[PDB]
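**Q** Sequence, then the experimental structure. Questions to follow.
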Amino acid sequence: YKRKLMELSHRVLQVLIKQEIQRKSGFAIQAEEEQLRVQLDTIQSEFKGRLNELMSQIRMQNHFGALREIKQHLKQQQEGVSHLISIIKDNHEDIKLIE
Amino acid sequence: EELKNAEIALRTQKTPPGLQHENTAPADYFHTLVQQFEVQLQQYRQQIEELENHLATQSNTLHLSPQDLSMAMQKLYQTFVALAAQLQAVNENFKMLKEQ
Amino acid sequence: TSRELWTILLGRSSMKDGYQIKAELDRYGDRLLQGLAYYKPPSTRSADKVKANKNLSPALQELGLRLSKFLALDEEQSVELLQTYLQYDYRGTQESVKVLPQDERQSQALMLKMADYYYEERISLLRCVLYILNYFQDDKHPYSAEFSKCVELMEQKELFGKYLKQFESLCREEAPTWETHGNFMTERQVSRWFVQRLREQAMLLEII
Amino acid sequence: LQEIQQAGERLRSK
Amino acid sequence: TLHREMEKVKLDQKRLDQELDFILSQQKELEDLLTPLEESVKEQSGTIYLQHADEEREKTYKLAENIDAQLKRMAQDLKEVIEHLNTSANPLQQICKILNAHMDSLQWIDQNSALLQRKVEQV
Amino acid sequence: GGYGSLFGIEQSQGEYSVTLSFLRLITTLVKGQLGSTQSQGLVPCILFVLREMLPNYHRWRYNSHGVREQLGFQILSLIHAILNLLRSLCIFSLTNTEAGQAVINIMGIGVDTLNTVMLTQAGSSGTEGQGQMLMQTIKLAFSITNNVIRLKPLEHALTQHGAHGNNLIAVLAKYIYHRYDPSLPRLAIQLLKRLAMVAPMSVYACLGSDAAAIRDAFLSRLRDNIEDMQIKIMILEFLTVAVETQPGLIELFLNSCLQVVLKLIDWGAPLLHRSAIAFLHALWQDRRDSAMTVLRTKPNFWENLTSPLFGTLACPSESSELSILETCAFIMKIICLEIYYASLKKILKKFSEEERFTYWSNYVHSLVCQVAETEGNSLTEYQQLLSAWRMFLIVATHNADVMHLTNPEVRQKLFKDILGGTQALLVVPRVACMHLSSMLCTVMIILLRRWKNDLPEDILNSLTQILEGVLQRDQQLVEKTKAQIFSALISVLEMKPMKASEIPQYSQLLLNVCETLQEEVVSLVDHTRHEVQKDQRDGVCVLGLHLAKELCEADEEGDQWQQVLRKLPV
């Protein structure tokens, strides 16, 4: 269902752009809209090669895949965090009561 | 989202058949669609650098260490300390207003 | 492609053996001999084949028919030149060629570059003939005797009359018009075809 | 490891 | 008590099952809806054709869609990278997973804390 | 100078025969090999040619077409010919002044403008048109930047993303489209390899949406058979280099490139297979796990990868193709690195049954001996091949079963051969022989230690003569050799308890041991005294001490020891 959501979403974007193409034409896509379009081309000009590098290192990792003492302090800190969380939530209750 | 968007596009395409104009909507739509992919690009590059540092460690990785635990422990201690300081600011502001 | 043949005769290629140069001359012999007449005008049979050549995507066959109408060249030769450009000259991935015949703008740009390619190909064939004639007797050129042999093969079949007739034809061709050449034959294209015919005349006269 | 990479980065940042 | 929670859990399974099928009937009725958009966009094209000339930039919105698609591939590859990183995941990796959980808890905690501070400021 | 007035009047009027004549004279002067004392007088003219001519020659009024281009071209010709001989000044000017960006622009005119002006030539002079001079100027700018990068703001401008969206490196890469003159794309590729060695931004980044296009173009241009074998090896080296300097592009390129390497590994050209197997060895070295796993999955990968080792090479005295030895070297290196980091087992069992160890050792010995007889033109070849045999035998002994290196007969053959090789190499009186014998010594030491239980009189006499030569040597370079030969002799005596009567030249042996002991001991004494390199002296000391202890334990009567202590106040 999620793949279908992304796919029909791309399709809906297609139908939207095509409806805004067929009708709104007529030397009418103008000043403010033109500004929007220019800002959009700009952002499009504003990475990809880093992404190829990401896939690269990821393939590298995918192929590469192909302490009783410490637990005490770790769990003590976890208990401390569980102690602090509730006091913060009480802060929030006091906030809502203040509003 | 996607269903109702297809619905709106179909409805606007239906009203045009007789005579209409519903176009500013898809304009703002393409605007938001670009604004979305904007952050995802930075995400792609940040993940790039993440995989880079990971594999940099992995070429070095043929061994492990015991100190990183103590480092992360002291850092998480100062961290939750700052977090509780922030929560204290929040409780004190709640109390200031609820006393006002 | 004539550009490759020319670059080969010019020695810019890693093929340095004389026999291979002789074989390449033999392969391009018919085109070198027929000269500018190689590119045939549109003909019904070639068009019906371009449609019937089932190996082609419909978008490609349509772009090719548009090209044949644009440059008044046979549809089959248009398809061949188009495949040559898109497989050797296209500065884009083999992916975008799937859509460029669907996108009208990309199709028009491809048509323009293809007309440029056809003209340049004619010029390249002429330059190849020029070099072969200019080095056929100089014993210092690495392919000298191969050149004299190709030149003798060209002379034995009366290269003179063929080049003269091609000169006359290029001299009496009516200027390209949008009526006969389709939507693309703008004034820019009229002047382009004119300068092209002028260059053809000049090169043919130099060859003579 | 993604959260852990992020958290290594953060605790290092502090 | 196990039987009690079992009754609740079977209720949850049934209800989520029904909700997924409802989302699916949405994914279908929405394909039907996206189709009338297509036929009416075809009508709009066959009408705009019945004019002089001058289509608008399509080679730009298509590039926008392509940027979206490339970002989608990037997110998919990031999912793959996360999956492989897990596939790589001694006491060491236990320490790392636990520290990551603790840091994530610290992050959501500071999030709730700032939410409280902002509610107070609005208060 | 008087030429400045003519230059000003030419710039004002729009014809530059005076300036061009000045340039021709200056180029002949700088090229005519004016003696070192004479270059200093022309350096002001050089600064004039570098600072005022090249940076503005684009803006100067051109009364006719071409003359601006030829002015720039003569400027670049002077610059290069000076740089091809002066050096420091041209380098500093190009790297810190406007000349850098000017030549950058000359390069960045883009291949399209080039080909366009190329189609503008109206006559047979397609090799002699204005476009020919233009391409000459472009290749000049390219070779210039190449030399400048080789000999060393310019780098920042070269990696900067131009303000118009076309990063200069992208314009450079697009030159791969130039199909009339191969030297231009070859030089662009050279600049690309250099920048990948030196630039910090990923080539994919500045390449943008054309990165994949350029990749496909490269794959086609390499795959084609009419491409220059020179360009072929150049691209193969480029790939290998990116494997060690450009990770992003190195990943982008394989996508696939491997099929080409397989096709070339089906005698195509020794250099091609050399560059290819080199790139492969490098990828296996850098732990390119994605690449390693992907390859190791391909069928017959080990078979087609190792087919070159199964052949027989010509004797090292004949003209044996250095590429064959270098290939086999990188191949054995890949096999090692794999086995260490880890079809293969079958290939190894074959090679062992194929006695490949025996032929390899015989050939390595012949090569070392040949290098020795020449006292160090085939030197580097035999050296690398010996490094190969060394690393091979090492990785073998570390896992003898995997190598099937259980044969004590083969173990003893190897030990004796390496020993005698160290000997013959260390016998030549007149630096190469030193390093070679030192490598052989480290090898023989580790080997004897591992194969002691498989491991004598002739060995004693040989190590005796060897220590003798090691004594007649200058001290500062023979220390490690002395220590090695000593541990060797110790192993020779510990191998079988022998009385002084069975030790040939035992008198001379103890004599030399005493001489060395005395010298080195006095040395260590002075060294420790000046301390008012700490551990090695004491190590050698204790070593000689235990050595003489055992030697005396062999002589219970001390009569020879008596004559010795009488000869030396030890």
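**A** Now that the structure is in, tell me what you want to look at. Residues are numbered from 1 along each chain as shown, chains lettered A, B, ... in the order given.
**Q** now the helices for chain C?
**A** C:2-9, C:18-27, C:29-34, C:44-52, C:58-71, C:75-84, C:104-134, C:144-155, C:159-171, C:178-181, C:187-207 (DSSP state H).
**Q** Also chain E?
**A** Using DSSP H, helices in chain E cover E:2-48, E:61-88, E:92-122.
**Q** what's the answer for the stretch 101-250 of chain F, then?
**A** Using DSSP state H, counting those that start in this stretch, the helices assigned to the stretch 101-250 of chain F run over residues F:110-119, F:130-151, F:154-159, F:168-174, F:183-198, F:203-207, F:211-223, F:229-245, F:247-254.
**Q** Would you format those helices as TSV with distance to residue F:407 included?
**A** Every residue, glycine included, has its C-beta placed from N, CA and C. TSV is the format used below for the helices of the stretch 101-250 of chain F (distance: least, CB to CB, whole Å):
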stretch	distance to residue F:407
helix F:110-119	62
helix F:130-151	50
helix F:154-159	57
helix F:168-174	55
helix F:183-198	46
helix F:203-207	51
helix F:211-223	45
helix F:229-245	37
helix F:247-254	41
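**Q** With residue F:404 as the reference, name the closest of these.
**A** For residue F:404, the closest of the helices of the stretch 101-250 of chain F is helix F:229-245, at 32.3 Å, according to CB to CB.
**Q** contact partners of that closest one?
**A** Contact partners of helix F:229-245, identified using CB atoms under 8 Å, 6 or more residues apart in numbering or on different chains, comprise C:14, F:182, F:185-186, F:189-190, F:192-193, F:196-197, F:218, F:221-222, F:249-250, F:253, F:257, F:269, F:271-272, F:275-276, F:278-279, F:282-283, F:286, F:288.
**Q** Could you rerun that using 6 Å?
**A** With contact meaning CB atoms under 6 Å, 6 or more residues apart in numbering or on different chains, helix F:229-245 is reached by C:14, F:182, F:186, F:189, F:193, F:196-197, F:222, F:249-250, F:271, F:275-276, F:278-279, F:282-283.
**Q** Could you tell me how far it lies from the centre of the chain?
**A** 14 Å (CA atoms, centre = their mean, to the nearest Å).
**Q** How about stretch F:395-405?
**A** The mean C-alpha position of stretch F:395-405 is separated from the chain mean by 29 Å, CA atoms, centre = their mean.
**Q** Equivalent analysis for stretch F:126-141, please.
**A** Using CA atoms, centre = their mean, the offset of stretch F:126-141 from its chain centre is 34 Å.
**Q** ok, now stretch F:353-365?
**A** On CA atoms, centre = their mean, the centre of stretch F:353-365 falls 26 Å from the chain's centre.
**Q** ok, and for that stretch, which residues are buried?
**A** Taking 16 or more other CB atoms under 10 Å in any protein chain shown as the neighbour-count basis, stretch F:353-365 is seen to contain the buried residues F:357, F:360-361, F:363-365.
**Q** Next: stretch F:20-39.
**A** So, applying 16+ other CB under 10 Å, buried residues of stretch F:20-39: F:20, F:22-23, F:26-27, F:29-30, F:34, F:39.
**Q** What of stretch B:28-38?
**A** In stretch B:28-38, counting by 16+ other CB under 10 Å, buried: B:29-30, B:33-34, B:37.
**Q** Would it count as contacting chain E?
**A** Yes. Using CB under 6 Å from any CB of the partner chain, stretch B:28-38 comes into contact with chain E via residue B:37.
**Q** Now do that stretch: everything it contacts.
**A** Taking CB under 6 Å, 6+ apart as the rule, stretch B:28-38 contacts A:13, A:16, A:40, A:43, E:67-68, E:71.
**Q** swap in stretch F:184-196?
**A** Taking CB under 6 Å, 6+ apart as the rule, stretch F:184-196 contacts F:139, F:142-143, F:145-146, F:149, F:172, F:175-176, F:178, F:231, F:234, F:238, F:241-242, F:245-246.
**Q** separation between the most far-flung residue of chain D relative to its centre and chain B?
**A** Distance from the C-alpha centroid of chain D, by CA atoms, centre = their mean, peaks at residue D:14 (10.0 Å). Per CB to the nearest CB, to the nearest Å, residue D:14 is found 6 Å from chain B.
**Q** swap in residue C:86?
**A** For residue C:86, the distance to chain B - CB to the nearest CB - is 30 Å.
**Q** ok, how many other residues are close to the closest residue to that residue other than its chain neighbours?
**A** By the measure of CB to CB, 6 or more residues apart in numbering or on different chains, the closest residue to residue C:86 outside its immediate chain neighbours is residue C:97, 5.5 Å from it. Applying other CB atoms under 10 Å in any protein chain shown, we find 17 other residues in the vicinity of residue C:97.
**Q** quick one: contacts for the residue nearest the centre of chain C?
**A** By CA atoms, centre = their mean, chain C has its centre lying nearest to residue C:121, at 3.6 Å. Counting by CB under 6 Å, 6+ apart, residue C:121 makes contact with residue C:2.
**Q** what do you get for residue F:326?
**A** residue F:274.
**Q** How about the one 3 residues further on?
**A** With contacts taken as CB under 6 Å, 6+ apart, residue F:329 has the following neighbours: F:384, F:388.
**Q** hmm, try it at 10 Å
**A** Contacts for residue F:329 (CB atoms under 10 Å, 6 or more residues apart in numbering or on different chains) come out as F:274, F:277-278, F:281, F:381, F:384-385, F:387-389, F:391-392.
**Q** in which helix or strand would I find it?
**A** Using DSSP states H and E, residue F:329 maps to helix F:322-341.
**Q** That helix: which residues count as buried?
**A** Applying 16+ other CB under 10 Å to helix F:322-341 flags F:322-337, F:339 as buried.
**Q** how near is the closest residue to chain A within chain C to chain D?
**A** Closest residue of chain C to chain A, CB to the nearest CB: residue C:104 (12.7 Å). Plainly put, residue C:104 is 45 Å away from chain D if you go by CB to the nearest CB.
**Q** In which helix or strand does the residue of chain A at minimum distance from chain F reside?
**A** Residue of chain A nearest chain F, by CB to the nearest CB: residue A:49 (2.5 Å). Residue A:49 belongs to helix A:48-65 when assigned by DSSP H and E.
**Q** how far is that helix from where the chain is centred?
**A** Helix A:48-65 sits 20 Å away from the centroid of its parent chain (CA atoms, centre = their mean).
**Q** tell me which strands and helices that helix is in contact with?
**A** helix B:24-60, helix E:61-88, helix F:203-207, helix F:211-223, helix F:247-254, helix F:289-297 (3 or more CB pairs under 10 Å, 6 or more residues apart in numbering or on different chains; DSSP states H and E).
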